[PDB]
Each structure stands twice: as structure tokens, then as C-alpha cells.
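The block underneath contains the structure these notes are about, expressed in C-alpha cells.
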Amino acid sequence: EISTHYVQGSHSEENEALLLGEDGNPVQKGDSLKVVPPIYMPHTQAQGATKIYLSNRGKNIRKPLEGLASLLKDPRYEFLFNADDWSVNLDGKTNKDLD
Amino acid sequence: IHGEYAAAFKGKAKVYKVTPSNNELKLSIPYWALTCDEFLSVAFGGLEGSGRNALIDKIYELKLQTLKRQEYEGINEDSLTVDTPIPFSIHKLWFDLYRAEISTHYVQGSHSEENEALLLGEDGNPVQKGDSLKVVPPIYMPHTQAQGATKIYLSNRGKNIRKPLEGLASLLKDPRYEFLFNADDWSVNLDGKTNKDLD
Amino acid sequence: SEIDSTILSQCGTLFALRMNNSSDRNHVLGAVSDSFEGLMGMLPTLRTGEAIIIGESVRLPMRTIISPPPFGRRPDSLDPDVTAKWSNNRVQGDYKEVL
């Protein structure tokens, strides 16, 4: 819903128009275990610069996603989202089960 | 609420009023100590459209700049949320978000900040360059890119939040909101640095 | 008086301790199927620890004295002791750590 495709018309994930640094690397690639969101190039399709059009697949649930992001970093929900032996990693694997 | 307990405790209790007279202190609640939702509810009157998202983004960017300029313990670019109590300038926020809506760019197509088409005076200097601490906004040339004269185009990046920004400016110039926007020692400079902290 | 009447009425056994207000006593009387006027008239004058066991788990409604637990095993919430904390002499604070 935020990251913009490098080319208009198509919203491919591989065309993420992120904000790159002087060296060439993006300013903020983004993390999954951490809740930092990725940085993206500003949406602008005017003359002079490349045509940047925002993704058209985004829904209207930005506020609930922001609320969930705030909740994820709250240390009062460790028992829910960060269980010791029941923490689900990226690929969906748990150290122990419900037994 | 009615201010009737001040006389009961003559010298046995600190009294925090809004307009001190002789020895009572002054109630001061800095605006940057609030959360995002409370700040929006008290200042902008409860925006609900994309203007709320724009204000959130501007606040987050200002907080990031303040963290970059001033060191803070245990806070980095990765663990900073919008609700973190970190000082940020409100005058700069209003100035940027308003000047990005009324001022005109000297070149059409692009609206770069270096192409500001400010109406210059007869001597050459601009008539009203504008001020940040003062709430006076800068004056800009009229939007007319017709033939005969130079082509000047209006801003192509502004949102639809001119009315809330005007309301915020009116609140900023109101002497009844000093306890929020012009606290005694917790005033925020343009670079985001206060005389004291929340401690 | 706040518990739902239907839920309370289906409870097998009641342990009616001392009850002060009248609404709760009326609700308890209306949520019992084995009513003896003499026993139920003694509710607001029960000693600290007495009970009136009523239900299908006893032969008769009966006024008992619950056996006290062994010494050293008594429920206690470790809430702050206001008088002890406030009676202590004040010391210089350091709110930078709190911030």
C-alpha cells in the first residue's frame, strides 16, 4: 500500500521504486522481524524525472495496519505476539507445539 | 476546576495557574509531549482524510530530523514510532505544509523548492519573504502562465488541507494557547532543541 | 445482583456468606430452590468465616464454620502499603532514569 512501482500500469513487486543512496544501496530496505517499514521513492510522473505511479492494489486498511504495527512493538503484548517457545519465525516454524 | 482550593492551602501547596500573578507557577503542557491522536484532536479538530496521513508523515519526518541532530538515549531510526515523546517544531511544520500549498513555482511542470516565484519589490528584494517564528506567510506572484510574460505555474504538490492549516495558524497566534504552543522553558526552536526536557 | 439471573439459578451449590445490602440478598433468595425462612433470615448477621451451604451437594441447608487454613497459608495481594511508604522520610529524587 505504500511502496510504489517503478513503472506505471504494472504493480510488480520486483519493480519497487525505493529511495536509493549515493552509493547505490536503498536508504531503508526494510525488515520483517523488526517493524521498520521500507523507504520508497516519492510518487511523481512529471517530466524531467522517471514516471512513478503508486500501486493500485492497496486497500483502505492503512489505519488498522498502523495500529497492528504499534501493537507489535508494545512490550505489554509479549504473551500474545512474542511467546518464548511459540514464536513463529518468517517461514512458519515453531520450536514447540501446543502439546 | 473552579480554582477554590488555592486559598485553602496558603503556603502548603504549589499552585499551577494559567496566568500567574505574584508567586504561583504557570501550567505548561508542551505539545510534543502528547501522542499523535491527542495532538490531532486538540489542534486540527479531528482530521479523517488523507490529510491526517500527510500530517503523520510530516511529524515523523520532523522527529527523525530532531533525532538526527540531537542525541537521545536508547532511541534510533529503527525503534522510533510517531508517539515517542521527542520534541519537534510546530512552526516549521505549519510553514512547510502551508507554503507547499499557496506559493507558486517559477517553472511549470516541476515544483522544486528552489524555483519559488516570490513577488519581488521594485528595489529587487521580495515584498514578503515570510517568517517561521512569526506566523506571517510569504507573498507569491499570481498564477498566470499566459503569453507575453514569463510562465509561472502554481504548486503541484499541495494537499486539500488549507482550511486546517489556517485554523492551526489562528490557534498559534491565539494568546489563549500559550500553555501548549509557547510553553515557558519547553519551547521548541526551528532545529528542534528546547531549554529543558520532560524530566 | 450483577450476575445474570439465568446463570446463577443453574448453580448446583451456593455458599452464602455475610451479605449486607438488600438487593443481593433478594437476588440470592430468588436464585435458590431450597428456601428455609429461618436459615435465610440470618444472612446479614453472619460472623467472619461462617457460611450457609445450600444445594444438592449436602443433605440439608446447614450453617457451618469453614475450617481455617494452616498458618502461613493465607491469601494476600501484595498491594503497596500506603501508610508505611508515606511514613518514610523523603529522599532526593532522580527523574532522568524515569524519563
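If you're wondering about the labels, chains in the C-alpha cells are A, B, ... by order shown, residues count from 1 in each chain, ligands from 1 in order shown.
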Counting only C-alpha atoms, what is within 10 Å of stretch 44-50 of chain A, bar same-chain residues fewer than 4 positions away, as a CSV table (one decimal) with C-alpha atoms, in the first residue's frame?
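Okay, result.csv is ready:
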chain,number,residue,atom,x,y,z
A,6,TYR,CA,9.0,1.9,-10.7
A,7,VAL,CA,6.8,1.7,-13.8
A,8,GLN,CA,3.2,2.7,-14.2
A,54,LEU,CA,1.7,4.3,-6.7
B,108,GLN,CA,6.0,24.9,-14.9
B,109,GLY,CA,6.0,21.1,-14.8
B,110,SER,CA,8.2,20.8,-11.8
B,111,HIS,CA,7.6,22.3,-8.4
B,156,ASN,CA,1.6,20.8,-8.0
B,157,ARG,CA,2.2,19.0,-4.7
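Counting only C-alpha atoms, every residue of chain B that comes within 10 Å of chain C is listed here: residues 85, 197, 198 and 199 of chain B.
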Per-residue DSSP, stretch 3-81 of chain A, filtered to strand (DSSP E or B), as a PDB file with C-alpha atoms, in the first residue's frame:
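Listing of part33.pdb after writing:
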ATOM      1  CA  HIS A   5       6.133   0.515  -8.611  1.00  0.00           C
ATOM      2  CA  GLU A  16       9.762  -1.484  -6.054  1.00  0.00           C
ATOM      3  CA  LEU A  20      18.446   4.658  -3.136  1.00  0.00           C
ATOM      4  CA  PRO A  26      18.482   1.775  -0.831  1.00  0.00           C
ATOM      5  CA  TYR A  53       2.934   5.737 -10.003  1.00  0.00           C
TER       6      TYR A  53
END
What are the residues of chain A that have an atom within 12 Å of an atom of chain B, counting only C-alpha atoms, as a PDB file with N, CA, C and O atoms, in the first residue's frame?
ATOM      1  N   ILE A   2       2.131   1.226   0.270  1.00  0.00           N
ATOM      2  CA  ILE A   2       2.942   2.439   0.313  1.00  0.00           C
ATOM      3  C   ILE A   2       4.003   2.407  -0.776  1.00  0.00           C
ATOM      4  O   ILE A   2       4.144   3.365  -1.544  1.00  0.00           O
ATOM      5  N   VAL A  27      17.975   3.492   0.786  1.00  0.00           N
ATOM      6  CA  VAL A  27      18.094   4.190   2.064  1.00  0.00           C
ATOM      7  C   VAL A  27      17.601   3.308   3.205  1.00  0.00           C
ATOM      8  O   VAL A  27      18.245   3.209   4.257  1.00  0.00           O
ATOM      9  N   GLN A  28      16.455   2.654   3.017  1.00  0.00           N
ATOM     10  CA  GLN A  28      15.882   1.773   4.036  1.00  0.00           C
ATOM     11  C   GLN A  28      15.237   0.591   3.320  1.00  0.00           C
ATOM     12  O   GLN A  28      14.128   0.708   2.790  1.00  0.00           O
ATOM     13  N   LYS A  29      15.940  -0.545   3.302  1.00  0.00           N
ATOM     14  CA  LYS A  29      15.405  -1.739   2.658  1.00  0.00           C
ATOM     15  C   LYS A  29      14.162  -2.245   3.375  1.00  0.00           C
ATOM     16  O   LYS A  29      13.208  -2.702   2.733  1.00  0.00           O
ATOM     17  N   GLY A  30      14.151  -2.179   4.695  1.00  0.00           N
ATOM     18  CA  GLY A  30      13.035  -2.671   5.475  1.00  0.00           C
ATOM     19  C   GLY A  30      13.325  -4.028   6.089  1.00  0.00           C
ATOM     20  O   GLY A  30      14.053  -4.854   5.529  1.00  0.00           O
ATOM     21  N   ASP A  31      12.743  -4.265   7.260  1.00  0.00           N
ATOM     22  CA  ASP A  31      12.943  -5.504   7.993  1.00  0.00           C
ATOM     23  C   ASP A  31      11.594  -6.134   8.308  1.00  0.00           C
ATOM     24  O   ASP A  31      10.567  -5.455   8.380  1.00  0.00           O
ATOM     25  N   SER A  32      11.610  -7.452   8.493  1.00  0.00           N
ATOM     26  CA  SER A  32      10.408  -8.217   8.795  1.00  0.00           C
ATOM     27  C   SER A  32      10.272  -8.527  10.280  1.00  0.00           C
ATOM     28  O   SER A  32       9.231  -8.238  10.877  1.00  0.00           O
ATOM     29  N   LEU A  33      11.302  -9.120  10.888  1.00  0.00           N
ATOM     30  CA  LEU A  33      11.278  -9.324  12.334  1.00  0.00           C
ATOM     31  C   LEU A  33      11.203  -7.991  13.066  1.00  0.00           C
ATOM     32  O   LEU A  33      10.436  -7.840  14.022  1.00  0.00           O
ATOM     33  N   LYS A  34      11.994  -7.015  12.632  1.00  0.00           N
ATOM     34  CA  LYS A  34      11.790  -5.641  13.055  1.00  0.00           C
ATOM     35  C   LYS A  34      10.617  -5.044  12.286  1.00  0.00           C
ATOM     36  O   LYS A  34      10.253  -5.513  11.206  1.00  0.00           O
ATOM     37  N   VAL A  35      10.019  -3.997  12.859  1.00  0.00           N
ATOM     38  CA  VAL A  35       8.804  -3.418  12.292  1.00  0.00           C
ATOM     39  C   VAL A  35       9.093  -2.170  11.464  1.00  0.00           C
ATOM     40  O   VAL A  35       8.158  -1.454  11.079  1.00  0.00           O
ATOM     41  N   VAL A  36      10.358  -1.890  11.165  1.00  0.00           N
ATOM     42  CA  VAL A  36      10.672  -0.722  10.333  1.00  0.00           C
ATOM     43  C   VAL A  36      10.093  -0.920   8.935  1.00  0.00           C
ATOM     44  O   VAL A  36      10.234  -2.014   8.350  1.00  0.00           O
ATOM     45  N   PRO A  37       9.399   0.064   8.372  1.00  0.00           N
ATOM     46  CA  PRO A  37       8.871  -0.080   7.018  1.00  0.00           C
ATOM     47  C   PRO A  37       9.898   0.351   5.987  1.00  0.00           C
ATOM     48  O   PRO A  37      10.774   1.178   6.279  1.00  0.00           O
ATOM     49  N   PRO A  38       9.830  -0.190   4.773  1.00  0.00           N
ATOM     50  CA  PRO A  38      10.794   0.202   3.741  1.00  0.00           C
ATOM     51  C   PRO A  38      10.553   1.620   3.254  1.00  0.00           C
ATOM     52  O   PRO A  38       9.427   2.125   3.265  1.00  0.00           O
ATOM     53  N   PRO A  42       9.493   9.042  -3.891  1.00  0.00           N
ATOM     54  CA  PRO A  42       8.230   9.785  -3.929  1.00  0.00           C
ATOM     55  C   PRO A  42       7.493   9.566  -5.241  1.00  0.00           C
ATOM     56  O   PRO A  42       8.100   9.404  -6.303  1.00  0.00           O
ATOM     57  N   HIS A  43       6.165   9.561  -5.154  1.00  0.00           N
ATOM     58  CA  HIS A  43       5.314   9.337  -6.319  1.00  0.00           C
ATOM     59  C   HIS A  43       5.299  10.598  -7.171  1.00  0.00           C
ATOM     60  O   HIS A  43       4.800  11.643  -6.740  1.00  0.00           O
ATOM     61  N   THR A  44       5.840  10.503  -8.386  1.00  0.00           N
ATOM     62  CA  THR A  44       5.891  11.646  -9.294  1.00  0.00           C
ATOM     63  C   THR A  44       6.093  11.129 -10.707  1.00  0.00           C
ATOM     64  O   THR A  44       7.079  10.431 -10.975  1.00  0.00           O
ATOM     65  N   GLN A  45       5.169  11.465 -11.608  1.00  0.00           N
ATOM     66  CA  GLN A  45       5.248  11.061 -13.005  1.00  0.00           C
ATOM     67  C   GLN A  45       5.418  12.253 -13.939  1.00  0.00           C
ATOM     68  O   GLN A  45       5.158  12.137 -15.142  1.00  0.00           O
ATOM     69  N   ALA A  46       5.847  13.397 -13.413  1.00  0.00           N
ATOM     70  CA  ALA A  46       6.008  14.592 -14.225  1.00  0.00           C
ATOM     71  C   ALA A  46       7.244  14.476 -15.114  1.00  0.00           C
ATOM     72  O   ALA A  46       8.031  13.529 -15.024  1.00  0.00           O
ATOM     73  N   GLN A  47       7.409  15.467 -15.987  1.00  0.00           N
ATOM     74  CA  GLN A  47       8.543  15.492 -16.896  1.00  0.00           C
ATOM     75  C   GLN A  47       9.839  15.752 -16.133  1.00  0.00           C
ATOM     76  O   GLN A  47       9.843  16.237 -14.999  1.00  0.00           O
ATOM     77  N   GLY A  48      10.946  15.421 -16.775  1.00  0.00           N
ATOM     78  CA  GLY A  48      12.265  15.563 -16.167  1.00  0.00           C
ATOM     79  C   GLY A  48      12.763  14.328 -15.450  1.00  0.00           C
ATOM     80  O   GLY A  48      13.898  13.902 -15.659  1.00  0.00           O
ATOM     81  N   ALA A  49      11.925  13.742 -14.601  1.00  0.00           N
ATOM     82  CA  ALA A  49      12.251  12.535 -13.861  1.00  0.00           C
ATOM     83  C   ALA A  49      11.434  11.363 -14.398  1.00  0.00           C
ATOM     84  O   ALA A  49      10.574  11.517 -15.271  1.00  0.00           O
ATOM     85  N   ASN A  60      -7.961  -0.084   1.694  1.00  0.00           N
ATOM     86  CA  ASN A  60      -8.227   1.079   2.536  1.00  0.00           C
ATOM     87  C   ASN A  60      -8.091   0.730   4.015  1.00  0.00           C
ATOM     88  O   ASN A  60      -8.885   1.167   4.849  1.00  0.00           O
ATOM     89  N   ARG A  62      -5.142   1.125   5.862  1.00  0.00           N
ATOM     90  CA  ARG A  62      -3.878   1.666   6.354  1.00  0.00           C
ATOM     91  C   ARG A  62      -3.915   1.883   7.863  1.00  0.00           C
ATOM     92  O   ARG A  62      -2.941   1.580   8.564  1.00  0.00           O
ATOM     93  N   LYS A  63      -5.022   2.417   8.379  1.00  0.00           N
ATOM     94  CA  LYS A  63      -5.126   2.668   9.816  1.00  0.00           C
ATOM     95  C   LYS A  63      -5.071   1.394  10.654  1.00  0.00           C
ATOM     96  O   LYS A  63      -4.332   1.376  11.654  1.00  0.00           O
ATOM     97  N   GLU A  66      -1.473   0.255  10.698  1.00  0.00           N
ATOM     98  CA  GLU A  66      -0.662   1.087  11.583  1.00  0.00           C
ATOM     99  C   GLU A  66      -0.908   0.729  13.043  1.00  0.00           C
ATOM    100  O   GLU A  66       0.033   0.677  13.847  1.00  0.00           O
ATOM    101  N   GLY A  67      -2.168   0.479  13.405  1.00  0.00           N
ATOM    102  CA  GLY A  67      -2.469   0.070  14.767  1.00  0.00           C
ATOM    103  C   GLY A  67      -1.828  -1.255  15.134  1.00  0.00           C
ATOM    104  O   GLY A  67      -1.292  -1.416  16.234  1.00  0.00           O
ATOM    105  N   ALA A  69       0.878  -2.483  13.763  1.00  0.00           N
ATOM    106  CA  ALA A  69       2.310  -2.227  13.871  1.00  0.00           C
ATOM    107  C   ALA A  69       2.658  -1.623  15.222  1.00  0.00           C
ATOM    108  O   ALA A  69       3.670  -1.988  15.832  1.00  0.00           O
ATOM    109  N   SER A  70       1.833  -0.691  15.705  1.00  0.00           N
ATOM    110  CA  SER A  70       2.060  -0.120  17.028  1.00  0.00           C
ATOM    111  C   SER A  70       1.931  -1.182  18.112  1.00  0.00           C
ATOM    112  O   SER A  70       2.718  -1.205  19.067  1.00  0.00           O
ATOM    113  N   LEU A  71       0.942  -2.068  17.985  1.00  0.00           N
ATOM    114  CA  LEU A  71       0.747  -3.118  18.981  1.00  0.00           C
ATOM    115  C   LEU A  71       1.910  -4.099  18.995  1.00  0.00           C
ATOM    116  O   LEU A  71       2.292  -4.604  20.059  1.00  0.00           O
ATOM    117  N   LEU A  72       2.478  -4.397  17.824  1.00  0.00           N
ATOM    118  CA  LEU A  72       3.549  -5.387  17.742  1.00  0.00           C
ATOM    119  C   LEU A  72       4.768  -4.960  18.549  1.00  0.00           C
ATOM    120  O   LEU A  72       5.459  -5.802  19.137  1.00  0.00           O
ATOM    121  N   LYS A  73       5.052  -3.663  18.587  1.00  0.00           N
ATOM    122  CA  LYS A  73       6.207  -3.147  19.309  1.00  0.00           C
ATOM    123  C   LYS A  73       5.900  -2.818  20.764  1.00  0.00           C
ATOM    124  O   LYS A  73       6.787  -2.343  21.477  1.00  0.00           O
ATOM    125  N   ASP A  74       4.675  -3.060  21.217  1.00  0.00           N
ATOM    126  CA  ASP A  74       4.310  -2.775  22.599  1.00  0.00           C
ATOM    127  C   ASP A  74       4.783  -3.910  23.500  1.00  0.00           C
ATOM    128  O   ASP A  74       4.389  -5.060  23.286  1.00  0.00           O
TER     129      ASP A  74
END
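For the pair atom CA of residue A:87 and atom CA of residue A:40, the interatomic distance is 29.6 Å.
Using only C-alpha atoms, the contacts of stretch 132-136 of chain B at a cut-off of 9 Å, with sequence neighbours closer than 2 positions omitted, comprise residues 91, 92, 94, 95, 128, 130, 138, 169, 170, 172, 173, 189 and 190 of chain B.
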Since we have the selection now, will you write its residues out, keeping N, CA, C and O atoms, as a PDB file, in the first residue's frame?
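Listed below is the output, out-v1.pdb:
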ATOM      1  N   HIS B  91       6.018  25.314  14.325  1.00  0.00           N
ATOM      2  CA  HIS B  91       6.059  26.431  13.389  1.00  0.00           C
ATOM      3  C   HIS B  91       6.645  26.006  12.052  1.00  0.00           C
ATOM      4  O   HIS B  91       6.124  26.376  10.995  1.00  0.00           O
ATOM      5  N   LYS B  92       7.728  25.225  12.076  1.00  0.00           N
ATOM      6  CA  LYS B  92       8.308  24.730  10.832  1.00  0.00           C
ATOM      7  C   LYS B  92       7.333  23.821  10.097  1.00  0.00           C
ATOM      8  O   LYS B  92       7.221  23.885   8.867  1.00  0.00           O
ATOM      9  N   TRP B  94       3.988  23.882  10.181  1.00  0.00           N
ATOM     10  CA  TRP B  94       2.954  24.695   9.554  1.00  0.00           C
ATOM     11  C   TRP B  94       3.505  25.464   8.365  1.00  0.00           C
ATOM     12  O   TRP B  94       2.860  25.536   7.312  1.00  0.00           O
ATOM     13  N   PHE B  95       4.698  26.043   8.511  1.00  0.00           N
ATOM     14  CA  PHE B  95       5.284  26.822   7.428  1.00  0.00           C
ATOM     15  C   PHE B  95       5.481  25.966   6.187  1.00  0.00           C
ATOM     16  O   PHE B  95       5.101  26.362   5.081  1.00  0.00           O
ATOM     17  N   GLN B 128       7.438  40.160   0.540  1.00  0.00           N
ATOM     18  CA  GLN B 128       7.200  39.436   1.789  1.00  0.00           C
ATOM     19  C   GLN B 128       7.841  38.056   1.664  1.00  0.00           C
ATOM     20  O   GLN B 128       7.227  37.126   1.132  1.00  0.00           O
ATOM     21  N   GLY B 130       8.435  36.100   4.077  1.00  0.00           N
ATOM     22  CA  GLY B 130       7.798  35.220   5.034  1.00  0.00           C
ATOM     23  C   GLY B 130       8.687  34.938   6.232  1.00  0.00           C
ATOM     24  O   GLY B 130       9.915  35.067   6.177  1.00  0.00           O
ATOM     25  N   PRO B 138       4.579  34.001   3.438  1.00  0.00           N
ATOM     26  CA  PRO B 138       5.187  34.761   2.341  1.00  0.00           C
ATOM     27  C   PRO B 138       4.183  35.062   1.239  1.00  0.00           C
ATOM     28  O   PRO B 138       3.175  34.375   1.066  1.00  0.00           O
ATOM     29  N   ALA B 169      -2.878  27.975  12.244  1.00  0.00           N
ATOM     30  CA  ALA B 169      -2.221  29.276  12.338  1.00  0.00           C
ATOM     31  C   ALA B 169      -2.976  30.205  13.279  1.00  0.00           C
ATOM     32  O   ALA B 169      -2.366  30.906  14.098  1.00  0.00           O
ATOM     33  N   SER B 170      -4.308  30.216  13.180  1.00  0.00           N
ATOM     34  CA  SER B 170      -5.107  31.049  14.075  1.00  0.00           C
ATOM     35  C   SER B 170      -4.908  30.636  15.527  1.00  0.00           C
ATOM     36  O   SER B 170      -4.812  31.490  16.416  1.00  0.00           O
ATOM     37  N   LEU B 172      -2.193  29.217  16.679  1.00  0.00           N
ATOM     38  CA  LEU B 172      -0.825  29.595  17.019  1.00  0.00           C
ATOM     39  C   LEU B 172      -0.724  31.065  17.394  1.00  0.00           C
ATOM     40  O   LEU B 172       0.050  31.424  18.287  1.00  0.00           O
ATOM     41  N   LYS B 173      -1.489  31.928  16.729  1.00  0.00           N
ATOM     42  CA  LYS B 173      -1.485  33.347  17.062  1.00  0.00           C
ATOM     43  C   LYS B 173      -2.432  33.691  18.203  1.00  0.00           C
ATOM     44  O   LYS B 173      -2.560  34.871  18.546  1.00  0.00           O
ATOM     45  N   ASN B 189      12.774  25.257  19.221  1.00  0.00           N
ATOM     46  CA  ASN B 189      13.380  26.130  18.223  1.00  0.00           C
ATOM     47  C   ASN B 189      13.102  25.572  16.829  1.00  0.00           C
ATOM     48  O   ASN B 189      12.375  24.592  16.655  1.00  0.00           O
ATOM     49  N   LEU B 190      13.689  26.200  15.807  1.00  0.00           N
ATOM     50  CA  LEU B 190      13.494  25.724  14.443  1.00  0.00           C
ATOM     51  C   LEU B 190      14.196  24.393  14.203  1.00  0.00           C
ATOM     52  O   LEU B 190      13.696  23.562  13.435  1.00  0.00           O
TER      53      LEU B 190
END
Within 9 Å of residue B:151 using only C-alpha atoms, minus same-chain residues under 6 positions, as number ranges by chain:
B: 106-108, 143-145
Write out the residues from the selection above, keeping N, CA and C atoms, as a PDB file, in the first residue's frame.
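Result file is part39.pdb:
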ATOM      1  N   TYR B 106       8.364  28.957 -10.137  1.00  0.00           N
ATOM      2  CA  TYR B 106       8.748  29.813 -11.254  1.00  0.00           C
ATOM      3  C   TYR B 106       8.786  29.067 -12.580  1.00  0.00           C
ATOM      4  N   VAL B 107       8.864  27.739 -12.556  1.00  0.00           N
ATOM      5  CA  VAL B 107       8.929  26.926 -13.764  1.00  0.00           C
ATOM      6  C   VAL B 107       7.785  25.922 -13.734  1.00  0.00           C
ATOM      7  N   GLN B 108       7.081  25.799 -14.857  1.00  0.00           N
ATOM      8  CA  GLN B 108       5.982  24.853 -14.950  1.00  0.00           C
ATOM      9  C   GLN B 108       6.513  23.422 -15.009  1.00  0.00           C
ATOM     10  N   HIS B 143      -0.745  33.360 -10.261  1.00  0.00           N
ATOM     11  CA  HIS B 143      -0.649  32.171 -11.107  1.00  0.00           C
ATOM     12  C   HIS B 143      -1.217  32.502 -12.481  1.00  0.00           C
ATOM     13  N   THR B 144      -0.332  32.828 -13.421  1.00  0.00           N
ATOM     14  CA  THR B 144      -0.745  33.133 -14.789  1.00  0.00           C
ATOM     15  C   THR B 144       0.431  32.843 -15.711  1.00  0.00           C
ATOM     16  N   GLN B 145       0.332  31.762 -16.485  1.00  0.00           N
ATOM     17  CA  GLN B 145       1.383  31.348 -17.408  1.00  0.00           C
ATOM     18  C   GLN B 145       1.027  31.645 -18.861  1.00  0.00           C
TER      19      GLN B 145
END
